[PDB]
Every structure is written in C-alpha cells, then in structure tokens.
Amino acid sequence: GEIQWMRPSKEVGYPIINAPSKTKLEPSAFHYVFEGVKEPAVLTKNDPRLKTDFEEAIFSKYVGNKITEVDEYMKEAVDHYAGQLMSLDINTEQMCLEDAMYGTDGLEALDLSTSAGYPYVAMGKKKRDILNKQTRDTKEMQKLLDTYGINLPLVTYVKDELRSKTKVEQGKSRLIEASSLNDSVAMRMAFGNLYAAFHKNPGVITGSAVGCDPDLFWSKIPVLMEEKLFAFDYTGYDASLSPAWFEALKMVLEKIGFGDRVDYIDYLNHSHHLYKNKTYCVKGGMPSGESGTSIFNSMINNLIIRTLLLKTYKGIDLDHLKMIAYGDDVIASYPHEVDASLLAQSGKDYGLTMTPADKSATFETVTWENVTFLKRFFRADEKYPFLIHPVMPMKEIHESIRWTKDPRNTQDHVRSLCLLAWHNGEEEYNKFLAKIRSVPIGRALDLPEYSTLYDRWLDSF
C-alpha cells in the first residue's frame, strides 16, 4: 500500500470530519489489583506522551508496493485455492438487501454501534435512524443508496485501544478506515452468500477461521493440521498488500462464480480516505479496522502462503498444505518441515514483512506446545484429551481488566474475560476471581465459578 497524494479535503469538495480527541479508556476498579503496562493509544497530534510527529507515525504503515503484476507463482496459487473453494459449492447468487442488512443463516446483521461513515457522519445521521431490527425495513436504506450511490470515501478514525508505552511514544496508533454504510451494504449484497459459506465452513477447505467459536473449534483444528506445523507473524499486513494481491483475489472470485462483481475489490484496492480536514488516495492496502474485510484478508493470506511455497519449494504439493487464516493471523502445516526464515525471505520480494511466530527473535520450529492462533495456545484437557482448550495467557486478560470504556458494561467486560481465563486452569482462574472480589465493584458482579464453566464447556459440544 502507498499513499498517492494527500491534501485539504475542501480542495476536492469534502467537508472536515470531526473525530473524537479524548480516549474513552480510563482506569477501572481493578487498575491497582492487577499488573499491567499498557495505556490508551495516542489519538491526537498534541498528546504529551508523544516523542515523534504523530501524523507521520500513523501513515508510515504504507510501506509502498513492491510488486505490480500477478506473476506465475501467484497464478498457480490462484488456481489451486479457487479449485479448492469450488468443492464447497458456494451459492453465487447476490444477497437481497434485507438479509444483507439484518442478517441470515451464516451472516450476522449489520453492527449498529459502528460508524455509518460518509456522508452520514457529516450530516449527523446515525445507523439507528436508518434501520430497525424489529421491522427489517429496507425502504430507508434503499432510498439512501439511490441518493448517494456507492464508492464513497472511507472515513479514517484512530482506534481507541490499549498500546505499549513504546508504541504510545512512537505515535504508532492503529487506524480504522470505515467504509460508508452504502458500500458495506452493497458489498454484503454482492458477496453475502460467499461470507455465509465461509462462516459456516471454518477449516482447511476455506482456509479461513472467521466466524469460529474457539471453545469448540480448537478441538477440530489438530485433526485438520498436517504433520509439520509452520507459522510467522506479519508486520503491517493490511497496509503492505500490493495491488497485485487484489488482482489475484479477483481471479479467484472470477473462477468461483463472482466475476460478476469483482469491481468491488478495486474499491478496496484503489481507495480514497477522509481524515480530519484532509483527504488522501491510497494505491493498494486493504482498508483496516472493519470486520467486513477479514474474509478477503483471509483469502489473500491463502494466496500468499501458496505463492511463497511455490516460489521457494518448486514441486511442493499444495494439496497437502493445510492452513487456516483469520485475517493476517495463520496456522499452517505440511507433511514435511519447511523453513519459515526462507519463506520470509521470499516474502520481501512480494511486499510482505514476515517475522518469527509470536515475536521470537529467531525462526524456531513450531510445535503443538508453542503454537498460538488468535493469541491462544492449544492444550488437551486433562480429563478428556480429545477436547482441546484454547488457552489465552493471563497477561493479556490482566492488561485488559485494568481499564474501562463504560462502567455500565463492567459486568459484561469482566464476564468476557472470565470466558477466556478459566481455560488457564482452576488454580489460576480462582486467583483471578479472588482478586476481582478484593474490591467493591468486583464483589457486586455475577461471575461463573470454575466447575460451572467446565460443565458448560462439555455441554457445548
């Protein structure tokens, strides 16, 4: 991804976009009961914590575009993946406006708490004023589509979240490039059934894990992985994608029956954004921060891994590449050992910056004991080995519980963390509950005990 140009929005006929300047994150009632070192990400140029130009820092994610065309290895990767998706017999029909809006089997309804994007954000018109879940009314939306059409500017927001001290000082805040409600609706109508098909088939055929329930899915993953696992992390995945990866994606859509609307991908690839009082044009780069793009990111990941394997190991049998992606995160396997360090080298030439899995300093062998997917490890249950625990370390949960975005959601926030933490074991889970109950706020929460969560887990299979 690369920024073509940037300049005053008024110069191209756009209004200034008002974005919040103060974090909604604040110390929670557990701030001093649990250890933590993360703070709210910088949201404005004038943050006292900054030690470098803010604007420069947030846009530095666009490292440029290392490739132009789709080479021979990418074409091969496209044929193999597309061929693989074909076995799913995906409904290529466009989805009706209603379902695209309020959901159907395999597709959750539009999120009402997220931005409606341009131009609604400049007219102070919310999503709650356009659709109601009770009526499933399409009249208002239909009128808005007819009025403002599609291919509208994406509105940029700095993501309000916890970041390390280093990332705060270096102004490295992540960004959300929210597309207009019109485009999200149009895209869900164009690809609605593809999305549903993926959500209902998380695994190694779709090569995707979006829509999955870790508590249940973790027990299925091992039986899908090959003998030798391999993995690595990306640095700025979305922003690094060159236009070629988007073309590769369109070829896949074409071969599986969606050639009808591959134009929507151009909208993601070559897109223009609004940020404050500035407007800019980006070539390449997948718009970040929205869930409407995690499937295409996942699809592209499948194309990337396949490409690097073909380029690095001619003769590789892609039919024995078993991988599952979730955006840039991935867990993969092959009957034979592979060199992630070598693959990372091939990656550079394709505009991808790959590093050791889970921030190691060197590329080590990935095993079932050290592998993580969505920050979670894999641990067989002591009593029923065939049941696999998705284990997220307590460090993450501790960091998160030390802050709040709304006292009214304290119960849900803490309950959410409990669903993640009990997997660390009864002894650890109880220490967690005891500390929570060491302060008034915690003692007033309704939280599940360990045996209750274990029982519920067994009853969910």
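One-based numbering along the sequence shown.
Regarding 131-139 and 186-194, which shows the higher C-alpha temperature factor on average in the entry? That would be 131-139.
Mean C-alpha B factor from the entry: is it higher for 104-112 or for 73-81? In the deposited entry, the stretch with the higher C-alpha B-factor mean is 104-112.
Residue with maximal Cα B-factor (values as given in the PDB entry) among 424, 46, 400, 28: Spelled out: the listed residue with the top C-alpha B-factor is 46.
Top Cα B factor in the deposited entry, candidates 357, 281, 265, 209: Answer for 357, 281, 265, 209: 357, with the highest C-alpha B-factor.
Classify residue 123 as lowest, middle or highest third according to the C-alpha B-factor given in the PDB entry, relative to its own chain. Highest third of the chain for residue 123's C-alpha B-factor.
By the recorded C-alpha temperature factor, relative to the other modelled residues in its chain, which third is residue 167 in? According to the entry, residue 167 has a C-alpha B-factor in the chain's highest third.
For the chain shown, is the CA B-factor of residue 269 in the lowest, middle or highest third of its modelled residues? Within its chain, residue 269 is a lowest-third residue by C-alpha B-factor, going by the deposited values.
Would you check the entry's CA temperature factor for residue 236 and let me know if it's in the chain's lowest, middle or highest third? Lowest third - that is where residue 236 ends up once the chain's C-alpha B-factors are sorted.
Which third, lowest, middle or highest, does the CA B-factor of residue 254 fall in along this chain? Within its chain, residue 254 is a middle-third residue by C-alpha B-factor, going by the deposited values.
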